[PDB]
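To start, the structure under review is shown below, and the notes come after it.
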Amino acid sequence: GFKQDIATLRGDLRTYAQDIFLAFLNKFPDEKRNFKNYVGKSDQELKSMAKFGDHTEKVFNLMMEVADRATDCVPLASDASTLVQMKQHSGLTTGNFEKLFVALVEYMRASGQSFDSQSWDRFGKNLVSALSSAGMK
Ligand code: HEM
């Protein structure tokens, strides 16, 4: 289930973080507007970039904490507020987060592993709702 998936992702987090974030950037190419440093590079090139590895790891470290602190896939309001107020997230809208979780869920469904993809879909929808409640447009 959801709680085991958090453990699975954490057990190989740098790899999952890079592969899911690449799935996001490749499924939604326009999202690179927010990550100009990753324009014009193949996946293998990004996976050799220190900034790419460190960004994706820090993102998924925090995402897994938010997932771990949720109850029944409902995130804490404090975690939603943090994500909205982070200076790095100024100007983002909830659609950006919807797209990240669409890619995450599709990655899980295409994976050979028994991820609880429906729970991650629900978690993403509930996080989007909480971000909106916390003031993200
Ligand atoms: C639950 C989802 C997300 C989490 C947990 C998260 C977390 C983080 C963290 C921890 C950082 C600091 C690492 C760094 O500065 O490189 C960061 C930066 C950033 N995030 Fe997110 N983020 C999420 C979703 C998004 C989405 C959907 C977007 C845009 C589509 C986005 C855009 C950015 C940008 C532009 C930065 C600054 C990157 C840089 O300057 O290197 N984030 N995020």
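Per the entry's author numbering, the sequence shown starts with residue 1, numbered consecutively. Virtual Cβ for every residue (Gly too), placed ideally from N, Cα, C.
What does DSSP give as the partner residue(s) for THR94 in the beta ladder?
For the purposes of this step, residue 94 is taken as residue 94 along the sequence shown, with counting starting at 1. Paired residue(s): none; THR94 is not in a bridge.
Can you name, in chain order, every residue of its own chain whose Cβ lies under 8 Å from the Cβ of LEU104, other than the five neighbours on each side?
Start at 1 with the first residue of the sequence shown, and residue 104 comes out as number 104. Closer than 8 Å at Cβ, skipping near neighbours: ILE20, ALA23, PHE24, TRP120, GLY124.
Relative to the C-alpha of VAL74, which candidate in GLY53, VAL39, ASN96, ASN126 has its C-alpha closest?
Here residue 74 is taken as the residue at index 74 of the sequence shown, counted from 1. When only C-alpha atoms are compared, the closest one is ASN126.
Whose CA, out of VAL128, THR82, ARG33, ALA80, lies closest to the CA of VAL102?
As a first step, residue 102 must be located in the sequence shown, where it is residue number 102. That would be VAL128, whose Cα lies nearest to the Cα of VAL102.
According to DSSP, simplified to helix, strand and coil, what is residue 184?
This structure cannot settle anything about residue 184, because the visible part of the chain is limited to 1 through 137.
Please give the ranges of any beta strand (DSSP E) in the segment 50-133, keeping only runs that are unbroken, at least 3 residues long and fully inside the region.
Within the segment 50-133, no complete beta strand (DSSP E) run reaches 3 residues.
At a cut-off of 8 Å, is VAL59 close to ligand 1 when judged by its beta-carbon and the heavy atoms of the ligand?
Within the sequence shown, residue 59 is the residue found at index 59, counting from 1. Result yes, Cβ under 8 Å from ligand 1.
Would the beta-carbon of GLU106 fall within 9 Å of that of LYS47?
One-based indexing of the sequence shown puts residue 106 at position 106. One-based indexing of the sequence shown puts residue 47 at position 47. Contact: no.
On the CB-based measure, 16 or more other CB atoms within 10 Å of its CB, does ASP12 come out buried or exposed?
The residue given as residue 12 occupies position 12 in the sequence shown. Counting Cβ neighbours within 10 Å, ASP12 comes out exposed, since fewer than 16 surround it.
For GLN4, is the beta carbon positioned less than 8 Å from some heavy atom of ligand 1?
The count along the sequence shown starts at 1 and reaches residue 4 at position 4. The answer is no for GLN4.
DSSP three-state call for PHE21: helix, strand or coil?
By one-based count along the sequence shown, residue 21 stands at place 21. Helix.
Got a sec: does ligand 1 put a non-hydrogen atom nearer than 8 Å to the Cβ of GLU31?
Working through the sequence shown from its first residue, we reach residue 31 at position 31. Under cutoff, so the answer is yes.
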